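Novice: Experimental coordinates for this protein are included below, preceded by the sequence.
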2 protein chains.
Amino acid sequence: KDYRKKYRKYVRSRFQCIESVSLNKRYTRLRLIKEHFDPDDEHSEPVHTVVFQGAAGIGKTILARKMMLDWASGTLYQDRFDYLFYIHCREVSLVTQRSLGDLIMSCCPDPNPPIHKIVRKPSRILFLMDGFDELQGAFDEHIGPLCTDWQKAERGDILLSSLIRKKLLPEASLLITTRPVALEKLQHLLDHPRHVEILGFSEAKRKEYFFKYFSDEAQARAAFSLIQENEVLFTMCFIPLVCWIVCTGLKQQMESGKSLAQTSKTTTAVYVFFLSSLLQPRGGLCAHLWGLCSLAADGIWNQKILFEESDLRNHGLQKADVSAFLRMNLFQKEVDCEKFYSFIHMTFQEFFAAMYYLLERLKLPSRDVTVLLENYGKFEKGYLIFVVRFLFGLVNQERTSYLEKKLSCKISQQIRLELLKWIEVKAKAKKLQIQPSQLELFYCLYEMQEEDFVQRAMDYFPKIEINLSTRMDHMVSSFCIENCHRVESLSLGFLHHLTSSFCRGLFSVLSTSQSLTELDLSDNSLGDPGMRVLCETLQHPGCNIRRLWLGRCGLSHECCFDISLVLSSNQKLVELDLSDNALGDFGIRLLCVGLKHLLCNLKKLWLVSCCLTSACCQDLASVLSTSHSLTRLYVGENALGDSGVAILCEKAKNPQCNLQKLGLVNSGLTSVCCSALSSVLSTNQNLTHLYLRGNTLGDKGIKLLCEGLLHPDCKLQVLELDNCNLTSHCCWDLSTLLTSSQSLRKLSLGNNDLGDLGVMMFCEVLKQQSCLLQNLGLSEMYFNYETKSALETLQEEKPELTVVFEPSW
Amino acid sequence: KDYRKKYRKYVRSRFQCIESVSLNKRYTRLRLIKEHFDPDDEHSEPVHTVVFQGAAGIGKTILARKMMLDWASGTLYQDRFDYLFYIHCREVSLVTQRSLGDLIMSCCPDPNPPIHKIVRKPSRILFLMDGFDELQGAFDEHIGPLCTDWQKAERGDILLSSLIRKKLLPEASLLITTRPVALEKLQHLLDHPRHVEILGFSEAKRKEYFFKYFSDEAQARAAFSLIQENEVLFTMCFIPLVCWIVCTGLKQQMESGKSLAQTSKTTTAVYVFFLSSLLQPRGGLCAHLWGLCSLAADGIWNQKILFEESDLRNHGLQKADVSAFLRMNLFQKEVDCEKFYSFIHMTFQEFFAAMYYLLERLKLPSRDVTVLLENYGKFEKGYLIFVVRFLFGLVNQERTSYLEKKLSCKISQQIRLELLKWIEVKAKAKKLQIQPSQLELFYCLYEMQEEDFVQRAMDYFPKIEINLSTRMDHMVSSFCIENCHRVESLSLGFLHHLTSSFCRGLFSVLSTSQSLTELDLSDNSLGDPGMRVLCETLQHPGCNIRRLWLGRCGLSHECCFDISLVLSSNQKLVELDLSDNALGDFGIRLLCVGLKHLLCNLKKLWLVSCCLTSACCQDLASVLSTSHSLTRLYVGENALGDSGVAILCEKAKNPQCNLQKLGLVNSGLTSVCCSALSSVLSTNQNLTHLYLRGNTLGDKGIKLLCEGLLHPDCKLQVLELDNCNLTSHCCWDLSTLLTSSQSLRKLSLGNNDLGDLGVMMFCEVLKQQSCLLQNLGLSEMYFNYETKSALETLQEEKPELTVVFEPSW
Ligand SMILES: Nc1ncnc2c1ncn2[C@@H]1O[C@H](COP(=O)(O)OP(=O)(O)O)[C@@H](O)[C@H]1O
Ligand SMILES: Nc1ncnc2c1ncn2[C@@H]1O[C@H](COP(=O)(O)OP(=O)(O)O)[C@@H](O)[C@H]1O
């Protein structure tokens, strides 16, 4: 326990501060949301691998630093662990250099007790691989297959591959911080992992950070109020990095007397204005920017985050100017372990990477943007998600004084057309390219802030599919849909803001969109309060939404009260889907009130899998009689029995009824309803379709059911009847109906266990020039060899129809 | 759970019927006797391999079919298993064709979800390898040693070897149906198996089957009564296959008006008469029989169960005649999977195999029967157990009209001599050939039904050893022993019919057998009711049984009452053995009553290990005095102490006593009985032998014991005394007796721990021309190197004796 105490004390001094203010002081709690969560037990469960997902600047880099100092005081994991090893991927040089040297280099200059005594018990070491996205070089998916020898690997790729696969040291605890875009590489290597998402700051947390940052509270409230006054900056301060930048810029200009919350349109504006405040006291510089942007170019082109002294002089800098750049945090990143250089944050290097593409040494901007645009997704050059974003933002001539007139409009205008061309290229890309997602493009599109450009750029969006996670994700999407005049089908994806104070802003966009026709909100956890504000927006005049799908939503009975209102007011809804909702007979009782109103004109309606009984049939029958606009009504999967169908059918036998479709799949059925169904078929005269499946229809019921179908003036075109208990003894009646009735088009009898004699009873009746012309479904039916070939030859005899049996898949 | 439901439904339709009547209707319970049993739990215990033993036609083939349909409804093994695979060994072509293709071919034509998703978890698949006896080709004991690769084996022998050994798929559940003759191949491959024997129908079950078969119950009782009237057919209807054949033949002739239960002598008669009813409506045919018998010949010669279209035309058939053969079940076996052909049952193919050997294309009957008779047991050509049986039966010119006069008597007469010669060849075979067992020959001999032929054929049976299992096994043996006039020693083996209604028929045979002398009923579970009927038969005059052995039988005290009766009546018993029976002092009290009767003359008597005490010694002493015929009495292993011996000896010291032998091995003994034993030795004058061993004889007892032996007029010839606690201090007295008494012949002192000085005390006394001439046992005694060689040289000096010490084994 000698060196164990020394190592534990050694970590305390190194990580006391982040390279000034105590880390124990300014640190605040982050949203440790467990992706399918106490800071105590990331490793309580026998899962021995944890991965952290977080966007750039969300605080992954220093979350581990707080975790390791918090360990060093014994407050976190004092029992299962007494050794912690920090693996900074930024400093890692993995191109055939490193051995297990990671262990000696971390502890102390060169002691080797732990290299032998500590490696013995594997439950004593975990590895904190910070920033796997910040890996440098070409990381092939598979390098160094055979790797088990302990002390000698000598290959950086082997070390990372083996340690992740837990082959170098079996039973090894891991906790790695990865950017969410990098999970594609992880999925090749992860084996039974645990995924945790890292969010940012809350409104209360933002106020706490400002108090913990501003020493003089007299202006802290004034600065916070100025920050709180802005609506875009405040919601952009969920990322802690932005809070640091706005605080530094305000405090840097505090000696000058300026503010920051005026040019807070997008991410480019706040960083460019920071660079304004980063250079307004300071200032040649563009060449120094050229010296570093090109250094930041090949630093992402060839993946060189760290900067050498020779590289510093290679592009051409001044040590005093570098120190001037150091002293007030341009990059200010000099490693204490050895004399190297780095940028302050990842977005700053990528911000200057886009600066090179707009200034006017390895890839020219105009010609090599196109190869970059197709190199955008390739991990070989890292990920350039922010590279284009700042490039997209910067061309909009941000209102900063000396960030407009030192760059050239000739390239920027050419860039605008190239970016506009690229958006269409990605939009028309049929293949499901994961990295240039529609949401990611909207992030760049929101960064435009140009009204006419986004109008023409987004006009290449016929179908919009959006998944949302954060509050900022709502505003970026809101700015797009508010001026998309060519959108036809739209959808939303929620995974978290469902309160009416948040979804109202986005939902208000839909009501004011003329081109919008379809809304797909299915498979979401949108609750009743969220549903209530949706109906408020739908009542707005001019809402051209026609068809909405609300399947699998968390809707309950009390939501139907609002839906009855929009039907009684809006006449644009034509198709409404409420399948898979836990609304009882009371919900239909409220819903049927709105449908009975003569103002509404609804044609289609889905109530599949809704918790319903025979009681709702009485209420729904009234609508079926008076609602002239109701044509199709798929009410299958419900628990209503034969009693409910009798009530529904007795009102559906009116010759003036408009019910042209009806589905009763898997609903409790017997042979009694066949008599009622027979009566409506001969009297309705326009029941074009009728779907039955999975029922318990009486074996004798078909005899009663066909009694009504044999009536001349019936126009049933499609009949589906599967999984019903049938026997070959009644198969004769099926043949009689098939030959007699000419209205039928396609009839399917799926997996209905009937004798092979009845199948051959159909062979001649089809050969007798019958009236079944479209399809005949007999799938999931097994016959012998001599029976199977008999149906095959009839296919060629009658090419006008297509018999559907299942000898294959 | 998509394809799992489809597969489960797929099995239901395929196996609903056995290629007409519902399998759910006519199926009835079979005797699922567990060989060392609910249909619920064959696989409850962690044993992961089950093998089923059953004779041909007992129902192994369709027992699995019922099991798999019963599974398909979820009634059997719904939890541990959801996938069942049927491996029909008849259809298996194992000569370097098959891959894992067994899995795709069974499910559906060609889907491959289960080939990848289902093979993952081995606790999801079991294999139903039906009829391992029906394997075709040369099955070597060891083919394909290395076999672990999953998807590619390509060798049929490798697949069967690996799957049985559970190497292709570790942790695999197996349930295989095998004919009992085939266990020799199984024992090479089985690893921790579970064996279950399958019996047939009961009398009540036979009645139930007739009711379930005959639609019109008016004649079902009449047909059953006609069946029940026959005594051989009814007991032959324990096999379900025979029930099917007799029912079909009666129903086939029901349109004609004939019966079946008149030519029911043997298995050949019922099948030949079935073939009569199989051809009386039909009928050229012999050539068609020649076309199929030769096809059935090379189908067992080269092991080709399945018949090809080319093979059908190769021998020469007619498709209409084949269809005529199909339509009323000659073989009627066309596979639904593919257009092949097969025989209806295994015995039918082997019945026609013997038909070729009696008609007049690959093995001539007369010359190649002899090679067949030595190829009878070789598994290379399958097993020909039924081939000879029908051949043995058919030569007896069965009373069928057109089954006598189309065949040639010239070959049949030559066959008779060859079969008669073969029986002697197998009878004189000293080696323990397992397959041509004595019981199996009697099965063929019973099928003769020829009085004079079986007389001369069985005259080559000096010793008869029979093991019986079923009721039919009793009648086949009964028909043999009833006319065996040269039997000397006979034995029975029971493993199940012990009720007096069954064993009486066989036991009545023994009483009427003149040549019979010895009966060995030892090591059986023959109870008192079975013992009671045995004594009833023994009282029959003319019973020439002299010596009976009844060791390890389940006899109790109440059986001795019957045994006392046969002794008081029959004067032929000379040797009676009752060793290892749980009969108390009361049993001897009843037994001694019969022995005291002057009519009985019993010489030898064994009461070893019987639960006895000193009380029985008083009763047994009276017999020892009055029973003049009693000479030897081995009453060792009993719990009687020294007190009992005193009572027994005090009556045994009479000079007129005839007790020439007496054994008291392991009975509780002390030094007190030596005085009584000394008194009898000097007075009895004819106690030739006296055996002692494992006692607690007093160390000083030998001094008292030798006191009587030193008397001149004593004629003790053999004395055995082992395991008695002895010391070298008394070893001097042993030497004095050895030199003095001239009556002793062989004296053994086994493992009696005495000093090496006493052994050398005997070295000189033997060298002094002593009177010990036959043997001197000193086994289980350990001496040093210089002591061991001293006894070795004395062996060559005196070749007239053989010292018995144990330096080796
Ligand atoms: N919990 C926190 N409290 C205060 N500031 C934070 C916190 N987390 C991150 N930061 C700010 O983020 C900056 C560093 O971000 P970093 O963790 O390096 O981002 P990344 O994880 O993407 O590399 C620091 O300047 C720091 O001020
Ligand atoms: N439980 C049963 N009930 C009725 N018949 C049976 C039963 N078991 C077997 N059978 C009869 O046996 C015949 C098939 O025998 P099989 O099982 O093929 O014999 P093996 O198992 O020796 O191949 C069928 O014709 C059937 O009538």
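Specialist: Right, received. Where do you want to start? Residues are numbered from 1 along each chain as shown, chains lettered A, B, ... in the order given. Ligands and ions are numbered 1, 2, ... in the order given.
Novice: what residue lies at the spatial centre of chain A?
Specialist: In chain A, the centroid-proximal residue (C-alpha atoms, centre = their mean) is residue A:467; its distance is 4.1 Å.
Novice: tell me the phi and psi of that residue?
Specialist: For residue A:467, the backbone dihedrals (degrees, to the nearest 10) come out as phi -120, psi 130.
Novice: what's in contact with the lengthiest helix in chain A?
Specialist: As assigned by DSSP state H, the longest helix anywhere in chain A is helix A:409-427. Outside of helix A:409-427, the residues that reach it under the criterion C-beta atoms under 8 Å, 6 or more residues apart in numbering or on different chains are A:357-358, A:360, A:365-366, A:369-370, A:373, A:388, A:391-392, A:395, A:397, A:433, A:436, A:441, A:445, A:453, A:456-458, A:460-461. (Each C-beta comes from the backbone N, C-alpha and C, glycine too.)
Novice: Now, the residues you listed that are in helices?
Specialist: Among the contacts of helix A:409-427, the subset assigned to helices under DSSP H consists of A:357-358, A:365-366, A:369-370, A:373, A:388, A:391-392, A:441, A:445, A:453, A:456-458.
Novice: Can you name the residue of the stretch 351-500 of chain A nearest ligand 1?
Specialist: When distances are taken as C-beta to the nearest ligand atom, the stretch 351-500 of chain A approaches ligand 1 most closely through residue A:386, which lies 10.9 Å from it.
Novice: And the helix or strand containing that residue, what does it pack against?
Specialist: Of the helices and strands defined by DSSP states H and E, residue A:386 is found in helix A:385-394. Counting contacts by 3 or more C-beta pairs under 8 Å, 6 or more residues apart in numbering or on different chains; DSSP states H and E, helix A:385-394 packs against helix A:267-279, helix A:346-359, helix A:409-427, helix A:438-446.
Novice: Can you say which of those is packed in most?
Specialist: Taking mean count of other C-beta atoms under 10 Å in any protein chain shown as the contact definition, the stretch among these with the greatest mean neighbour count is helix A:346-359, which reaches a mean of 23.
Novice: just to revisit the earlier point, residue contacts, the residue of the stretch 351-500 of chain A closest to ligand 1?
Specialist: A:56, A:346, A:347, A:350, A:351, A:354.
Novice: Nearest to ligand 2 among the residues you listed?
Specialist: The closest of the contacts of residue A:386, once distances to ligand 2 are taken by C-beta to the nearest ligand atom, is residue A:56, at 72.7 Å.
Novice: wait, the closest one sits on residue A:348?
Specialist: No: here residue A:56 does not reach residue A:348: they are 10.3 Å apart, not a contact under C-beta atoms under 8 Å.
Novice: Just the element for residue A:205, please.
Specialist: With DSSP H and E as criterion, residue A:205 is part of helix A:203-213.
Novice: just to revisit the earlier point, of the ones in helices among the contacts of helix A:409-427, which count as buried by neighbour count?
Specialist: Neighbour counting by 16 or more other C-beta atoms under 10 Å in any protein chain shown classes A:357-358, A:365, A:369, A:373, A:388, A:391-392, A:441, A:445, A:453, A:457-458 among the ones in helices among the contacts of helix A:409-427 as buried.
Novice: Pipe the residues you listed into CSV and attach distance to residue A:14 per row.
Specialist: Converted to CSV, those look like this (distance: C-beta to C-beta, whole Å):
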residue, distance to residue A:14
A:357, 38
A:358, 39
A:365, 41
A:369, 42
A:373, 42
A:388, 37
A:391, 38
A:392, 40
A:441, 42
A:445, 44
A:453, 49
A:457, 49
A:458, 50
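Novice: Widest-spaced pair of those?
Specialist: Maximum pairwise distance among these (C-beta to C-beta): 24.6 Å, between A:365 and A:458.
Novice: For the strand or helix carrying residue A:310, buried residues please.
Specialist: With secondary structure defined by DSSP H and E, residue A:310 is part of helix A:309-315. Neighbour counts over helix A:309-315 (16+ other C-beta under 10 Å) mark A:311, A:312, A:315 as buried.
Novice: which helices and strands does that helix pack with?
Specialist: Packing partners of helix A:309-315 (3+ C-beta pairs under 8 Å, 6+ apart): helix A:285-301.
Novice: Go again with 10 Å.
Specialist: When contacts are defined as 3 or more C-beta pairs under 10 Å, 6 or more residues apart in numbering or on different chains; DSSP states H and E, helix A:309-315 packs onto helix A:285-301, helix A:319-327.
Novice: do stretch A:698-712 and chain B meet at all?
Specialist: No: for a cut-off given as C-beta under 10 Å from any C-beta of the partner chain, stretch A:698-712 has no contacts with chain B; the smallest distance is 16.7 Å.
Novice: Give me the buried positions along that stretch.
Specialist: A:698, A:701, A:702, A:704, A:705, A:706, A:707, A:708, A:709.
Novice: Residue B:804: which of these is nearest?
Specialist: Checking those against residue B:804 with C-beta to C-beta, the nearest one is residue A:698 at 92.9 Å.
Novice: Pull up the gap between the closest one and residue A:734, please.
Specialist: Applying C-beta to C-beta, to the nearest Å, one obtains 14 Å for the distance of residue A:698 from residue A:734.
Novice: Not including adjacent chain positions, what is the nearest residue to residue A:180?
Specialist: Across the structure, with C-beta to C-beta, 6 or more residues apart in numbering or on different chains as the measure, the residue nearest residue A:180 apart from its sequence neighbours is residue A:53 (4.7 Å).
Novice: Check the burial of the one you found by counting its neighbours.
Specialist: If you count neighbours by other C-beta atoms under 10 Å in any protein chain shown, residue A:53 ends up with 21.
Novice: OK, contacts around it?
Specialist: If you count contacts by C-beta atoms under 10 Å, 6 or more residues apart in numbering or on different chains, residue A:53 has them with A:33, A:35, A:60, A:177-183, A:186, A:195-199.
Novice: From ligand 2, how far out is it?
Specialist: 62 Å (C-beta to the nearest ligand atom, to the nearest Å).
Novice: Name whatever forms a beta bridge with that residue.
Specialist: Under the criterion DSSP bridges, residue A:53 forms beta bridges with residue A:178, residue A:197.
Novice: Roughly how far does the residue of the stretch 351-500 of chain A closest to ligand 1 sit from ligand 2?
Specialist: Counting by C-beta to the nearest ligand atom, the gap between residue A:386 and ligand 2 amounts to 75 Å.
Novice: How about residue A:751?
Specialist: Counting by C-beta to the nearest ligand atom - residue A:751 and ligand 2 are separated by 29 Å.
Novice: what do you get for residue A:526?
Specialist: The span separating residue A:526 from ligand 2 equals 60 Å under the rule C-beta to the nearest ligand atom.
Novice: What helix or strand is that residue located in?
Specialist: With DSSP H and E as criterion, residue A:526 is part of no helix or strand.
Novice: and it, what does it touch?
Specialist: With contacts defined as C-beta under 10 Å, 6+ apart, the neighbours of residue A:526 are A:492, A:494, A:498, A:503, A:533, A:534, A:550, A:552, A:553, A:554, A:555, A:559.
Novice: rerun at 7 Å
Specialist: For residue A:526, the contacting residues are A:494, A:498, A:553, A:554, taking C-beta atoms under 7 Å, 6 or more residues apart in numbering or on different chains as the criterion.
Novice: For the stretch 301-450 of chain A, which residue gets nearest to ligand 2?
Specialist: residue A:432 (56.0 Å).
Novice: Get me the contact residues on chain A for chain B.
Specialist: Residues of chain A found near chain B, taking C-beta under 7 Å from any C-beta of the partner chain as the criterion, are A:751, A:753, A:780, A:782, A:784, A:785, A:807, A:808, A:809.
Novice: right, and the fifth one touches residue B:336 too?
Specialist: Meaning residue A:784. Yes: look at residue A:784 against residue B:336 with C-beta atoms under 7 Å: they come within range, at 4.4 Å.
Novice: Residue A:10: which element?
Specialist: When elements are defined using DSSP H and E, residue A:10 is found to belong to helix A:2-14.
Novice: other SSEs contacting that helix?
Specialist: Packing partners of helix A:2-14 (3 or more C-beta pairs under 7 Å, 6 or more residues apart in numbering or on different chains; DSSP states H and E): helix A:60-72.
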